>>> print(open('query_3.txt').read())   # compact mmCIF, C-alpha atoms and all ligand atoms
# COMPACT_ATOMS: atom_id res chain seq x y z
CA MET A 4 -15.10 -13.60 15.67
CA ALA A 5 -14.73 -11.41 18.68
CA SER A 6 -13.50 -7.90 18.14
CA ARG A 7 -10.99 -7.81 21.08
CA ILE A 8 -8.20 -10.27 22.16
CA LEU A 9 -7.26 -10.78 25.84
CA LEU A 10 -3.74 -9.74 26.84
CA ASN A 11 -1.68 -11.17 29.76
CA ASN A 12 -2.49 -8.11 31.92
CA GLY A 13 -6.25 -8.89 31.69
CA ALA A 14 -6.99 -5.98 29.27
CA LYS A 15 -8.77 -6.49 25.98
CA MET A 16 -7.09 -5.18 22.81
CA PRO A 17 -9.11 -4.41 19.63
CA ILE A 18 -7.95 -6.72 16.82
CA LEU A 19 -8.19 -3.95 14.18
CA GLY A 20 -6.37 -0.65 14.63
CA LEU A 21 -5.34 2.37 12.56
CA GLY A 22 -1.66 2.81 11.65
CA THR A 23 -0.10 6.30 11.54
CA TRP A 24 3.41 5.89 10.06
CA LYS A 25 3.77 8.30 7.05
CA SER A 26 0.39 9.95 7.80
CA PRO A 27 1.17 13.64 7.23
CA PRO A 28 0.59 15.96 10.17
CA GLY A 29 -1.91 18.03 8.11
CA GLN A 30 -4.04 14.93 7.31
CA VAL A 31 -3.71 12.63 10.33
CA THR A 32 -6.08 14.59 12.61
CA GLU A 33 -8.95 14.13 10.17
CA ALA A 34 -7.97 10.50 9.53
CA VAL A 35 -8.16 9.64 13.25
CA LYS A 36 -11.47 11.56 13.72
CA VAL A 37 -13.08 9.66 10.79
CA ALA A 38 -11.66 6.34 12.05
CA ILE A 39 -13.19 6.86 15.52
CA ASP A 40 -16.55 7.84 13.93
CA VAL A 41 -16.69 4.61 11.88
CA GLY A 42 -15.74 2.35 14.81
CA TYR A 43 -11.96 2.15 15.26
CA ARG A 44 -10.89 2.02 18.92
CA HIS A 45 -7.15 1.21 18.58
CA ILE A 46 -4.57 3.64 17.19
CA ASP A 47 -0.90 2.69 16.62
CA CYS A 48 1.48 5.62 17.19
CA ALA A 49 5.19 6.31 17.69
CA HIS A 50 7.37 9.28 18.59
CA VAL A 51 9.55 8.65 15.49
CA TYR A 52 6.50 9.21 13.22
CA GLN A 53 6.65 12.95 14.13
CA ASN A 54 2.84 13.29 14.24
CA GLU A 55 1.78 12.37 17.82
CA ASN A 56 0.65 15.94 18.64
CA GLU A 57 -1.79 15.87 15.68
CA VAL A 58 -3.04 12.37 16.57
CA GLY A 59 -3.64 13.72 20.10
CA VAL A 60 -5.74 16.64 18.81
CA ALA A 61 -8.13 14.14 17.14
CA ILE A 62 -8.42 11.95 20.22
CA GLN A 63 -9.07 14.95 22.45
CA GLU A 64 -11.80 16.33 20.15
CA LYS A 65 -13.66 12.96 20.04
CA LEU A 66 -13.44 12.61 23.84
CA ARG A 67 -14.84 16.17 24.12
CA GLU A 68 -17.61 15.43 21.59
CA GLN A 69 -18.54 12.41 23.76
CA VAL A 70 -18.19 10.10 20.74
CA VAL A 71 -16.07 7.76 22.88
CA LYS A 72 -14.83 7.48 26.46
CA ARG A 73 -11.13 7.05 27.29
CA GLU A 74 -11.63 3.53 28.66
CA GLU A 75 -12.99 2.41 25.26
CA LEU A 76 -9.83 3.50 23.36
CA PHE A 77 -6.65 1.45 23.11
CA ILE A 78 -3.69 3.76 22.41
CA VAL A 79 -0.26 2.31 21.57
CA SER A 80 3.08 4.09 21.27
CA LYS A 81 6.72 3.03 21.11
CA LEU A 82 10.09 3.92 22.68
CA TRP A 83 12.57 5.02 20.00
CA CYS A 84 16.07 3.55 19.70
CA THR A 85 17.90 6.68 21.02
CA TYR A 86 16.15 6.33 24.40
CA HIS A 87 17.17 2.78 25.45
CA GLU A 88 19.33 4.00 28.38
CA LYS A 89 17.45 3.30 31.58
CA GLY A 90 17.50 7.01 32.69
CA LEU A 91 15.93 8.18 29.39
CA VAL A 92 12.92 5.80 29.14
CA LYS A 93 10.55 7.69 31.49
CA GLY A 94 11.13 11.06 29.82
CA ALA A 95 10.53 9.54 26.34
CA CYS A 96 7.22 8.08 27.59
CA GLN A 97 6.17 11.39 29.16
CA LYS A 98 6.92 13.32 25.91
CA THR A 99 4.60 10.92 24.06
CA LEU A 100 1.94 11.31 26.81
CA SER A 101 2.23 15.11 26.54
CA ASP A 102 1.87 15.07 22.73
CA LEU A 103 -1.07 12.59 22.74
CA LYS A 104 -2.63 14.60 25.67
CA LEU A 105 -3.23 11.43 27.67
CA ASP A 106 -2.47 10.47 31.27
CA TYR A 107 -1.68 6.81 30.44
CA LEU A 108 -0.98 4.57 27.46
CA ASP A 109 -2.70 1.22 27.02
CA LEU A 110 0.48 -0.36 25.55
CA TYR A 111 4.05 0.90 25.22
CA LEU A 112 6.50 -1.05 23.02
CA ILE A 113 10.26 -1.16 22.66
CA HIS A 114 10.18 -0.10 18.97
CA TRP A 115 13.30 -2.05 17.88
CA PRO A 116 15.77 -4.18 19.87
CA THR A 117 18.68 -1.95 18.77
CA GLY A 118 19.79 0.95 20.99
CA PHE A 119 21.41 3.94 19.28
CA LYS A 120 23.57 6.77 20.64
CA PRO A 121 21.34 9.33 22.43
CA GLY A 122 20.99 12.75 20.91
CA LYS A 123 18.78 14.82 18.64
CA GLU A 124 19.11 12.66 15.58
CA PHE A 125 16.88 9.59 15.30
CA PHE A 126 19.49 7.72 13.20
CA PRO A 127 23.00 8.84 14.35
CA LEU A 128 25.45 7.70 11.71
CA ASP A 129 29.26 7.48 11.63
CA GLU A 130 31.32 8.77 8.79
CA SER A 131 30.87 5.58 6.79
CA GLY A 132 27.08 5.34 7.11
CA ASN A 133 26.78 2.81 9.98
CA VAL A 134 24.40 3.56 12.83
CA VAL A 135 26.19 4.46 16.06
CA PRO A 136 25.08 1.95 18.75
CA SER A 137 24.70 2.53 22.38
CA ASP A 138 26.13 0.24 25.02
CA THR A 139 22.67 -0.72 26.20
CA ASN A 140 21.23 -4.25 26.25
CA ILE A 141 17.61 -5.23 26.04
CA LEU A 142 17.32 -6.47 29.66
CA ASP A 143 18.13 -3.13 31.28
CA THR A 144 15.74 -1.32 28.92
CA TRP A 145 13.06 -3.92 29.85
CA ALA A 146 13.53 -3.19 33.56
CA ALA A 147 13.00 0.52 32.84
CA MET A 148 9.80 -0.34 30.93
CA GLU A 149 8.57 -2.35 33.92
CA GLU A 150 8.95 0.74 36.13
CA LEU A 151 6.48 2.62 33.88
CA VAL A 152 3.80 0.01 34.72
CA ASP A 153 4.49 0.41 38.46
CA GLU A 154 4.27 4.21 38.18
CA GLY A 155 0.90 4.04 36.37
CA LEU A 156 2.07 5.66 33.06
CA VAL A 157 1.33 2.55 30.95
CA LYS A 158 -1.02 -0.40 31.46
CA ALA A 159 0.99 -2.99 29.47
CA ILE A 160 4.43 -3.22 27.90
CA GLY A 161 5.71 -5.14 24.91
CA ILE A 162 8.23 -5.41 22.10
CA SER A 163 8.47 -4.90 18.34
CA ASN A 164 10.77 -6.43 15.70
CA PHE A 165 12.24 -8.93 18.23
CA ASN A 166 13.38 -12.30 16.93
CA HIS A 167 12.63 -15.44 18.98
CA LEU A 168 16.05 -15.49 20.72
CA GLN A 169 15.52 -11.87 21.79
CA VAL A 170 12.05 -12.73 23.11
CA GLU A 171 13.63 -15.70 24.96
CA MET A 172 16.21 -13.37 26.53
CA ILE A 173 13.43 -11.30 28.13
CA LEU A 174 11.45 -14.36 29.19
CA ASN A 175 14.60 -15.71 30.91
CA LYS A 176 15.51 -12.30 32.54
CA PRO A 177 16.56 -12.47 36.19
CA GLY A 178 13.82 -10.96 38.25
CA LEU A 179 11.33 -10.58 35.38
CA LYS A 180 8.26 -8.80 36.76
CA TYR A 181 6.00 -8.28 33.70
CA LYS A 182 6.08 -10.49 30.62
CA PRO A 183 5.83 -8.75 27.21
CA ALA A 184 2.15 -8.60 26.26
CA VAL A 185 2.67 -8.11 22.49
CA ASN A 186 5.32 -8.54 19.77
CA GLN A 187 4.54 -6.26 16.81
CA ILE A 188 6.19 -7.61 13.61
CA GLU A 189 5.90 -7.30 9.83
CA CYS A 190 3.47 -9.91 8.46
CA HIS A 191 1.64 -10.32 5.13
CA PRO A 192 1.31 -13.08 2.48
CA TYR A 193 4.88 -12.46 1.22
CA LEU A 194 6.36 -12.71 4.77
CA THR A 195 4.00 -15.04 6.72
CA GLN A 196 6.13 -15.56 9.84
CA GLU A 197 4.79 -19.01 10.78
CA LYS A 198 7.56 -20.06 13.15
CA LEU A 199 7.72 -16.72 15.01
CA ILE A 200 3.94 -16.42 15.35
CA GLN A 201 3.64 -19.96 16.74
CA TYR A 202 6.67 -19.28 19.00
CA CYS A 203 4.93 -16.19 20.40
CA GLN A 204 1.41 -17.53 20.74
CA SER A 205 2.70 -20.67 22.53
CA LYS A 206 4.40 -18.33 25.07
CA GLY A 207 1.18 -16.30 25.65
CA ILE A 208 2.39 -13.24 23.65
CA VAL A 209 -0.10 -11.64 21.26
CA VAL A 210 1.24 -10.83 17.79
CA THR A 211 0.35 -7.63 15.93
CA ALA A 212 0.91 -7.68 12.15
CA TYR A 213 2.28 -4.44 10.70
CA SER A 214 2.48 -3.45 7.01
CA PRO A 215 -0.38 -5.90 6.20
CA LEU A 216 -0.86 -4.31 2.74
CA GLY A 217 2.92 -4.44 1.98
CA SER A 218 3.47 -0.71 2.80
CA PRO A 219 3.09 0.59 -0.81
CA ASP A 220 3.88 4.16 0.41
CA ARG A 221 7.16 3.18 2.13
CA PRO A 222 9.75 5.80 0.97
CA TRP A 223 12.28 3.27 -0.36
CA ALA A 224 9.74 1.46 -2.69
CA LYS A 225 11.08 0.76 -6.18
CA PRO A 226 8.82 0.35 -9.34
CA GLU A 227 10.05 -3.27 -9.75
CA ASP A 228 9.02 -4.35 -6.28
CA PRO A 229 6.16 -6.83 -5.75
CA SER A 230 2.70 -5.47 -4.95
CA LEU A 231 0.27 -7.42 -2.80
CA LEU A 232 -2.68 -5.22 -3.73
CA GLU A 233 -2.17 -6.08 -7.40
CA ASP A 234 -1.32 -9.79 -7.11
CA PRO A 235 -3.81 -11.49 -9.47
CA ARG A 236 -4.04 -14.52 -7.20
CA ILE A 237 -5.17 -12.40 -4.23
CA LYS A 238 -7.51 -10.42 -6.52
CA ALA A 239 -9.18 -13.74 -7.43
CA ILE A 240 -9.79 -14.65 -3.75
CA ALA A 241 -11.22 -11.17 -3.16
CA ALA A 242 -13.58 -11.47 -6.18
CA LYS A 243 -14.91 -14.87 -4.95
CA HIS A 244 -15.90 -13.20 -1.67
CA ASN A 245 -17.12 -9.89 -3.34
CA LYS A 246 -14.60 -7.95 -1.20
CA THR A 247 -11.61 -5.80 -2.12
CA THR A 248 -8.04 -7.07 -2.10
CA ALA A 249 -7.27 -4.85 0.93
CA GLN A 250 -10.19 -6.38 2.82
CA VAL A 251 -8.84 -9.92 2.18
CA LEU A 252 -5.34 -8.80 3.27
CA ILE A 253 -6.79 -7.43 6.56
CA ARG A 254 -9.02 -10.44 7.26
CA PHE A 255 -6.11 -12.90 6.67
CA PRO A 256 -4.14 -12.04 9.86
CA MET A 257 -7.34 -11.76 11.90
CA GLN A 258 -8.07 -15.47 11.22
CA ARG A 259 -4.56 -16.35 12.47
CA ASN A 260 -5.46 -14.75 15.83
CA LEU A 261 -3.34 -11.70 15.11
CA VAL A 262 -4.05 -8.01 15.65
CA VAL A 263 -3.70 -5.97 12.45
CA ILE A 264 -3.02 -2.23 11.95
CA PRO A 265 -3.49 -1.02 8.34
CA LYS A 266 -2.62 2.63 7.70
CA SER A 267 -4.71 5.05 5.64
CA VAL A 268 -5.33 8.80 5.55
CA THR A 269 -8.13 8.39 2.93
CA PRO A 270 -11.62 8.48 4.52
CA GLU A 271 -13.20 6.03 2.07
CA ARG A 272 -10.38 3.52 2.64
CA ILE A 273 -10.50 3.93 6.43
CA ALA A 274 -14.15 2.90 6.24
CA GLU A 275 -13.47 0.06 3.71
CA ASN A 276 -10.76 -1.38 5.89
CA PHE A 277 -13.15 -1.68 8.86
CA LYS A 278 -15.75 -3.69 6.92
CA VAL A 279 -14.02 -7.03 7.54
CA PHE A 280 -16.22 -8.59 10.21
CA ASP A 281 -18.97 -9.91 7.91
CA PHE A 282 -17.14 -12.55 5.84
CA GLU A 283 -14.76 -15.45 6.43
CA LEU A 284 -11.91 -16.92 4.40
CA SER A 285 -12.11 -20.69 4.13
CA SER A 286 -9.39 -23.02 5.49
CA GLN A 287 -8.42 -23.66 1.86
CA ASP A 288 -8.12 -19.90 1.20
CA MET A 289 -5.96 -19.50 4.33
CA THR A 290 -3.59 -22.30 3.32
CA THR A 291 -3.41 -20.88 -0.22
CA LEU A 292 -2.53 -17.35 1.06
CA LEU A 293 0.14 -18.87 3.32
CA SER A 294 1.67 -20.55 0.25
CA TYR A 295 2.52 -17.12 -1.25
CA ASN A 296 5.37 -16.58 1.27
CA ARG A 297 8.61 -15.42 -0.40
CA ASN A 298 10.43 -14.24 2.78
CA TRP A 299 10.14 -10.72 1.33
CA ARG A 300 10.77 -8.16 4.07
CA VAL A 301 10.05 -4.44 3.45
CA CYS A 302 11.14 -2.87 6.84
CA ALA A 303 14.89 -3.55 7.32
CA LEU A 304 17.67 -0.82 6.96
CA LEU A 305 21.13 -1.59 5.70
CA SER A 306 22.74 1.00 7.98
CA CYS A 307 21.65 -1.12 11.02
CA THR A 308 22.92 -4.55 9.91
CA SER A 309 26.19 -4.45 11.92
CA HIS A 310 24.42 -3.59 15.18
CA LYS A 311 24.92 -6.39 17.74
CA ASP A 312 21.13 -6.61 18.27
CA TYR A 313 20.04 -6.36 14.61
CA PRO A 314 17.08 -8.77 14.56
CA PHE A 315 17.01 -10.22 11.05
CA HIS A 316 20.19 -12.27 10.71
CA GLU A 317 18.55 -15.10 12.67
CA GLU A 318 16.16 -17.35 10.75
CA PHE A 319 13.24 -16.23 13.02
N1 LIG B 1 6.71 -1.49 14.69
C1 LIG B 1 7.29 -1.17 13.55
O1 LIG B 1 8.50 -1.22 13.34
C2 LIG B 1 6.38 -0.78 12.41
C3 LIG B 1 5.06 -0.42 12.64
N2 LIG B 1 4.24 -0.17 11.57
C4 LIG B 1 2.81 0.22 11.88
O2 LIG B 1 1.97 -0.49 10.98
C5 LIG B 1 1.16 0.46 10.23
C6 LIG B 1 0.76 -0.15 8.90
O3 LIG B 1 1.94 -0.40 8.08
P1 LIG B 1 2.39 0.57 6.89
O4 LIG B 1 3.82 0.23 6.65
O5 LIG B 1 2.07 1.98 7.20
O6 LIG B 1 1.61 0.10 5.60
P2 LIG B 1 0.23 -0.64 5.16
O7 LIG B 1 0.63 -2.01 4.75
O8 LIG B 1 -0.80 -0.45 6.18
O9 LIG B 1 -0.06 0.16 3.81
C7 LIG B 1 -0.41 1.57 3.84
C8 LIG B 1 -0.65 2.00 2.41
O10 LIG B 1 -1.79 1.30 1.86
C9 LIG B 1 -2.72 2.25 1.34
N3 LIG B 1 -4.06 1.72 1.57
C10 LIG B 1 -4.70 1.60 2.79
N4 LIG B 1 -5.90 1.06 2.70
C11 LIG B 1 -6.06 0.82 1.34
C12 LIG B 1 -7.14 0.29 0.64
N5 LIG B 1 -8.31 -0.10 1.20
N6 LIG B 1 -6.99 0.21 -0.71
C13 LIG B 1 -5.85 0.61 -1.30
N7 LIG B 1 -4.76 1.12 -0.70
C14 LIG B 1 -4.93 1.20 0.65
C15 LIG B 1 -2.41 3.55 2.05
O11 LIG B 1 -2.83 4.67 1.26
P3 LIG B 1 -3.49 6.02 1.86
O12 LIG B 1 -2.93 6.21 3.24
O13 LIG B 1 -3.05 7.05 0.85
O14 LIG B 1 -4.97 5.80 1.83
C16 LIG B 1 -0.88 3.47 2.22
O15 LIG B 1 -0.24 3.89 1.00
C17 LIG B 1 2.04 1.69 10.22
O16 LIG B 1 1.36 2.87 9.80
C18 LIG B 1 2.55 1.72 11.66
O17 LIG B 1 1.46 2.18 12.49
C19 LIG B 1 4.70 -0.25 10.28
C20 LIG B 1 6.02 -0.56 10.02
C21 LIG B 1 6.87 -0.79 11.10
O1 LIG B 2 10.02 1.76 12.63
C1 LIG B 2 8.86 2.05 12.18
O2 LIG B 2 7.82 1.91 12.74
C2 LIG B 2 8.74 2.46 10.67
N1 LIG B 2 10.03 2.44 10.00
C3 LIG B 2 10.67 1.32 9.60
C4 LIG B 2 11.91 1.64 9.12
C5 LIG B 2 13.00 0.69 8.66
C6 LIG B 2 13.88 0.33 9.86
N2 LIG B 2 14.61 -0.75 9.88
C7 LIG B 2 15.31 -0.81 11.09
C8 LIG B 2 16.18 -1.82 11.47
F1 LIG B 2 16.40 -2.87 10.66
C9 LIG B 2 16.78 -1.76 12.71
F2 LIG B 2 17.59 -2.80 13.09
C10 LIG B 2 16.62 -0.72 13.59
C11 LIG B 2 15.78 0.30 13.19
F3 LIG B 2 15.54 1.35 14.00
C12 LIG B 2 15.12 0.27 11.94
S1 LIG B 2 13.98 1.34 11.27
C13 LIG B 2 11.99 3.09 9.22
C14 LIG B 2 13.03 3.98 8.78
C15 LIG B 2 12.80 5.35 9.03
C16 LIG B 2 11.56 5.82 9.73
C17 LIG B 2 10.57 4.88 10.06
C18 LIG B 2 10.82 3.54 9.75
>>> encode(input="query_3.txt", output="structure tokens")
Amino acid sequence: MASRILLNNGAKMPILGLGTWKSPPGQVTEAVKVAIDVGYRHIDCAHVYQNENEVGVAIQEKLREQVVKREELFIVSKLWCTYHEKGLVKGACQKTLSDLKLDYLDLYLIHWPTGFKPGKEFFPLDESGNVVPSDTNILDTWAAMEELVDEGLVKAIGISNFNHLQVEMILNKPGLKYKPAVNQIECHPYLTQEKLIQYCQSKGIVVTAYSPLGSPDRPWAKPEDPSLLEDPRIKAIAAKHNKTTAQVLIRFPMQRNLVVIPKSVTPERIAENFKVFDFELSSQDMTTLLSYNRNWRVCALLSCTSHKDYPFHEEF
């Protein structure tokens, strides 16, 4: 297994990256520096995570130390929902570039298909708790994303949390210039996504699996919720291979030809999570892990379910 997957712009994307959602600003600089030292080359960022400046400090130090060159890193960020209007997309990208202290991004994603009212709040709500939409549609935001490629700010563009009809809408866009390179979606043994992943891969779109460990630090976790890291069936597969449960959960998507982006701020775990290139799950193990699907989705907010472009009413 090769460590990088070819995208439809001819660039190679590392199949393992470091996630940064919920990584506190006081701890994420060290986390990214340790990750680069132990071999990570792909970092997944977003403006809404409120820590891009601190991620940028780490990247800049390791470029200055000559640990890595810029061309070896693969830096991803995402356009938040309050910037879907075509005249706001460039300025949102440039704020992220300014915080990360970079002159281009390797990949820039539409974070969610839903546009929200522009303003200071990331989740503008009405008096009854519903998100306030904007009158934007995904095709005009896509055309604004394409302009960032032509201006040299980003090397590739893609999408996140799009269902297959929303992907189809972009693929059928009048005058489509650049196809989405990536769809970043939730994927783990309790939400295996078979139909959407085969949809995407058949279309030449690479899939990145987010929350591969089930996001145990998500703020809305409840004590009664399932835990992938503690599932005794997954523990038994790990023990057979003399690996940890997290290492099996990271290797699983890699063998489906997915990119995977586990988050940690703990140095030991950052190093553990990288040590996944020296074993293989058997075909039988893969089919068994797929059988654990329960259509259990952890990233989906009730306040967004009446939005016209909410992605998760459709089957896939
Ligand atoms: N596009 C989108 O809408 C979304 C994108 N994402 C991206 O995907 C990334 C990963 O998903 P995320 O939801 O953060 O959750 P993960 O599934 O990656 O789980 C992160 C949690 O697992 C813990 N952990 C990490 N490694 C280990 C290990 N070896 N052993 C035990 N526990 C471990 C972490 O603890 P600790 O940090 O304390 O070590 C943290 O509590 C995000 O950070 C973000 O970059 C996620 C959700 C949505
Ligand atoms: O987004 C991240 O990366 C991490 N991340 C994930 C969620 C849950 C969402 N669920 C939805 C949703 F169903 C929508 F339709 C639109 C939307 F914008 C959200 S956001 C979230 C909520 C607050 C901050 C980060 C969050």
>>> closest_atom_pairs(input="query_3.txt", of="chain A", to="ligand LIG 2 (chain B)", cutoff="8 Å", atoms="only C-alpha atoms and all ligand atoms", output="tab-separated table")
residue	atom	partner	partner_atom	distance
A:24	CA	B:LIG2	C2	6.4
A:49	CA	B:LIG2	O2	7.1
A:51	CA	B:LIG2	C17	6.7
A:52	CA	B:LIG2	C17	6.7
A:83	CA	B:LIG2	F3	7.6
A:84	CA	B:LIG2	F3	6.1
A:114	CA	B:LIG2	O1	6.6
A:115	CA	B:LIG2	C10	5.6
A:116	CA	B:LIG2	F2	7.2
A:117	CA	B:LIG2	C10	5.7
A:126	CA	B:LIG2	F3	7.5
A:301	CA	B:LIG2	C5	7.9
A:302	CA	B:LIG2	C5	4.4
A:303	CA	B:LIG2	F1	3.7
A:304	CA	B:LIG2	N2	4.2
A:305	CA	B:LIG2	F1	7.0
A:306	CA	B:LIG2	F1	7.9
A:307	CA	B:LIG2	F2	4.9
A:308	CA	B:LIG2	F2	6.4
A:310	CA	B:LIG2	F2	7.2
A:312	CA	B:LIG2	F2	7.3
A:313	CA	B:LIG2	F2	4.6
A:314	CA	B:LIG2	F2	6.2
A:315	CA	B:LIG2	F1	7.4
>>> atom_distance(input="query_3.txt", atom1="atom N4 of ligand LIG 1 (chain B)", atom2="CA of residue 43 (chain A)")
14.0 Å
>>> residues_near_ligand(input="query_3.txt", ligand="ligand LIG 1 (chain B)", cutoff="6 Å", atoms="only C-alpha atoms and all ligand atoms", output="list in words")
residues 22, 23, 24, 47, 48, 114, 163, 187, 213, 214, 215, 216, 217, 218, 219, 220, 249, 264, 265, 266, 267, 268, 269, 272, 275 and 276 of chain A
>>> residues_around(input="query_3.txt", residues="region 138-147 of chain A", least_positions_apart="4", cutoff="7 Å", atoms="only C-alpha atoms", output="list in words")
residues 87, 88, 89, 92, 116, 118, 151, 173 and 176 of chain A
>>> residues_around(input="query_3.txt", residues="residue 13 (chain A)", least_positions_apart="5", cutoff="12 Å", atoms="only C-alpha atoms", output="NGL selection string")
:A and (7-8 or 109 or 158-159 or 184)
>>> atom_distance(input="query_3.txt", atom1="CA of residue 190 (chain A)", atom2="CA of residue 172 (chain A)")
22.4 Å
>>> closest_residue(input="query_3.txt", among="A:104, A:221, A:134, A:15", to="residue 75 (chain A)", atoms="all atoms listed in the file")
A:15
>>> closest_residue(input="query_3.txt", among="A:97, A:230, A:63, A:56", to="residue 154 (chain A)", atoms="all atoms listed in the file")
A:97
>>> atom_distance(input="query_3.txt", atom1="CA of residue 113 (chain A)", atom2="CA of residue 82 (chain A)")
5.1 Å
>>> closest_residue(input="query_3.txt", among="A:288, A:259, A:4, A:108", to="residue 244 (chain A)", atoms="all atoms listed in the file")
A:288
>>> closest_residue(input="query_3.txt", among="A:135, A:46, A:9, A:203", to="residue 309 (chain A)", atoms="all atoms listed in the file")
A:135
>>> residues_around(input="query_3.txt", residues="residue 210 (chain A)", least_positions_apart="2", cutoff="9 Å", atoms="only C-alpha atoms", output="PyMOL selection string")
chain A and resi 184-188+200+203-204+208+212+260-263
>>> write_last_selection(input="query_3.txt", atoms="C-alpha atoms", output="PDB file, in the coordinates of the input")
ATOM      1  CA  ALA A 184       2.150  -8.600  26.260  1.00  0.00           C
ATOM      2  CA  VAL A 185       2.670  -8.110  22.490  1.00  0.00           C
ATOM      3  CA  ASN A 186       5.320  -8.540  19.770  1.00  0.00           C
ATOM      4  CA  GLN A 187       4.540  -6.260  16.810  1.00  0.00           C
ATOM      5  CA  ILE A 188       6.190  -7.610  13.610  1.00  0.00           C
ATOM      6  CA  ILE A 200       3.940 -16.420  15.350  1.00  0.00           C
ATOM      7  CA  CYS A 203       4.930 -16.190  20.400  1.00  0.00           C
ATOM      8  CA  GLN A 204       1.410 -17.530  20.740  1.00  0.00           C
ATOM      9  CA  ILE A 208       2.390 -13.240  23.650  1.00  0.00           C
ATOM     10  CA  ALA A 212       0.910  -7.680  12.150  1.00  0.00           C
ATOM     11  CA  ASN A 260      -5.460 -14.750  15.830  1.00  0.00           C
ATOM     12  CA  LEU A 261      -3.340 -11.700  15.110  1.00  0.00           C
ATOM     13  CA  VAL A 262      -4.050  -8.010  15.650  1.00  0.00           C
ATOM     14  CA  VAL A 263      -3.700  -5.970  12.450  1.00  0.00           C
TER      15      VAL A 263
END
>>> residues_around(input="query_3.txt", residues="residue 98 (chain A)", least_positions_apart="5", cutoff="9 Å", atoms="only C-alpha atoms", output="PDB file with C-alpha atoms, keeping the file's coordinate frame")
ATOM      1  CA  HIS A  50       7.370   9.280  18.590  1.00  0.00           C
ATOM      2  CA  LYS A  93      10.550   7.690  31.490  1.00  0.00           C
ATOM      3  CA  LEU A 103      -1.070  12.590  22.740  1.00  0.00           C
TER       4      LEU A 103
END
>>> closest_residue(input="query_3.txt", among="A:71, A:224, A:292, A:60", to="residue 236 (chain A)", atoms="all atoms listed in the file")
A:292
>>> residues_around(input="query_3.txt", residues="region 282-287 of chain A", least_positions_apart="3", cutoff="10 Å", atoms="all atoms listed in the file", output="number ranges by chain")
A: 4, 240-241, 244-246, 250-251, 254-255, 257-258, 278-279, 290-293
>>> closest_residue(input="query_3.txt", among="A:211, A:38, A:316, A:94", to="residue 18 (chain A)", atoms="all atoms listed in the file")
A:211
>>> build_atoms(input="query_3.txt", residues="region 25-34 of chain A", atoms="N, CA, C and O atoms", output="compact mmCIF listing (two decimals), keeping the file's coordinate frame")
# COMPACT_ATOMS: atom_id res chain seq x y z
N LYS A 25 3.81 7.59 8.37
CA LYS A 25 3.77 8.30 7.05
C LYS A 25 2.48 9.09 6.92
O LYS A 25 2.30 9.75 5.89
N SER A 26 1.58 9.12 7.89
CA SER A 26 0.39 9.95 7.80
C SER A 26 0.79 11.40 8.06
O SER A 26 1.33 11.73 9.15
N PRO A 27 0.63 12.29 7.06
CA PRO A 27 1.17 13.64 7.23
C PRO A 27 0.45 14.36 8.35
O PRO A 27 -0.71 14.18 8.62
N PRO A 28 1.15 15.25 9.03
CA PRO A 28 0.59 15.96 10.17
C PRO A 28 -0.65 16.74 9.76
O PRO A 28 -1.57 16.85 10.61
N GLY A 29 -0.73 17.27 8.55
CA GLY A 29 -1.91 18.03 8.11
C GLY A 29 -3.10 17.17 7.78
O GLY A 29 -4.16 17.79 7.61
N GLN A 30 -2.99 15.87 7.70
CA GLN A 30 -4.04 14.93 7.31
C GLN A 30 -4.36 13.88 8.38
O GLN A 30 -5.40 13.20 8.28
N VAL A 31 -3.48 13.72 9.37
CA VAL A 31 -3.71 12.63 10.33
C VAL A 31 -4.80 12.98 11.34
O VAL A 31 -5.47 12.07 11.83
N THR A 32 -5.00 14.26 11.66
CA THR A 32 -6.08 14.59 12.61
C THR A 32 -7.43 14.17 12.03
O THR A 32 -8.23 13.52 12.70
N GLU A 33 -7.71 14.56 10.79
CA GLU A 33 -8.95 14.13 10.17
C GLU A 33 -9.04 12.63 10.03
O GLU A 33 -10.12 12.04 10.22
N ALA A 34 -7.93 11.95 9.69
CA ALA A 34 -7.97 10.50 9.53
C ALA A 34 -8.40 9.82 10.84
O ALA A 34 -9.23 8.90 10.82
